[PDB]
Structure formats: structure tokens, C-alpha cells
Amino acid sequence: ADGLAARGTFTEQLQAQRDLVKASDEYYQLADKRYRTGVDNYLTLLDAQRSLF
Amino acid sequence: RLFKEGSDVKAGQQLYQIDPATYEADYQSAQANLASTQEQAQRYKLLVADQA
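Residues numbered from 1 in each chain as written, not as in the entry; some residues may be left out. Chains lettered and ligands numbered in written order. Part of a larger assembly, values for the part shown. Heavy atoms only, no water.

As deposited, the entry is annotated with cryo-EM as its determination method and 3.2 Å as its resolution.

As C-alpha cells, this is what we get:
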């Protein structure tokens, strides 16, 4: 029964985790576009890169 | 007055000093602002090459 509970919950947990990683990836892409335009420096690109992985 | 009267003078030759005493002060203020902003511009010129 504990295994059935873990099966019932870990799918939605990793769904939330994958959506979080997707949001961090879109954040990193927007920060990279903002950096390559020339608006902000390499520091606030690097911290978003850190948040990604 | 620093010219001899009734003489020939060339263009650009000074004639009188009119005791500046205010323009010297605002010139010192403008140069004091320049001494900050030009070294800020030079430091940003040095740092913009490495994208810092």
C-alpha cells in the first residue's frame, strides 16, 4: 500500500518538477536574449544559468 | 585696462579683465563634476570589453 501511494504521488511530483525546469529554461532564454541585445551584463545571465541547472 | 590707448591691436588681443569671481566658481564646479564623470566613463569603457 505504501508502494501504491508512492506510485500515485511521484508522477505528479515529477510533473511539477519538469514544469519548474521548463520555467527556469524559459527564464534563461529570455535572460540570454536580453544579454545578447546588450541591456544587461554577464552577471545576471550567470545567475539565471545557475538557477537553470 | 591692459592696452596702451591709441595703438594698433590685433584680433584676439585681450583688452580688459572684468574680475570673474563667479564664473571661476561655476567653472570649478563644472570641472569637479567632469573629474568624476570622465573617470566613471573610463572605468565603464574598461569594463565593457569583458562584458562585466
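A word on the packing of helix α1 (residues 2-37) of chain A against helix α2 (residues 43-52) of chain A
All names here are of chain A. In contact at an axis separation of 9 Å, α1 and α2 are set at 165° when each is read in the N-to-C sense. Considering the angle they form, α1 stands roughly antiparallel to α2. Read as a crossing pair, α1 and α2 show a hand that is left-handed. Residues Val21, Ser24, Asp25, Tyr27, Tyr28, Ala31, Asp32 and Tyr35 of α1 form the contact with α2, whose own contacting residues are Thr44, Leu45, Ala48, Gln49, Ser51 and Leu52. For the contact of α1 with α2, the per-class residue count stands at eight nonpolar, four polar and two charged. (Axes fitted to C-alpha atoms, helices over the stretch in contact; angles between N-to-C directions. Helix = DSSP H or I, 4+ residues; strand = E, 2+ residues; numbered from the N terminus. Parallel < 35°, antiparallel > 145°, perpendicular 65-115°, else oblique. Left-handed = near helix turned anticlockwise from the far one by under 90°. Contact = heavy atoms within 4.5 Å. Nonpolar A, V, L, I, M, F, W, Y, C, P; charged D, E, K, R; others polar.)

Quick look at the layout of surface pockets
The space that makes up the largest pocket amounts to roughly 230 Å³. Looking at the largest pocket, the residues that line it are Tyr35, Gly38, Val39, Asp40 and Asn41 of chain A together with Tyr44, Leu47, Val48, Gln51 and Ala52 of chain B. A per-class count over the lining of the largest pocket returns six nonpolar, three polar and one charged. (1 Å grid on protein atoms, 1.4 Å probe; cavity = no way out; pocket = protein on both sides within 12 Å on 5 of 7 lines; lining within 4 Å. Points joined across faces, edges and corners; volume = space filled by probe spheres on them.)

Quick word on the pattern of salt bridges
Throughout the structure, instances matching the rule amount to two salt bridges over all chains. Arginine 36 of chain A is the partner of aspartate 32 of chain A in a salt bridge, and the nearest nitrogen-oxygen pair spans 2.6 Å. Of this pair, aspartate 32 of chain A and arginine 36 of chain A both sit in helix α1, separated by four residues, roughly a single helical turn. Between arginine 43 of chain B and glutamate 39 of chain B there is a salt bridge, and its shortest N-O distance comes to 2.9 Å. Note that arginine 43 of chain B and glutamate 39 of chain B are positioned in helix α1 (residues 23-47) at a spacing of four residues, about one turn of the helix. (Salt bridge = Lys/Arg side-chain N within 4 Å of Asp/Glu carboxyl O.)

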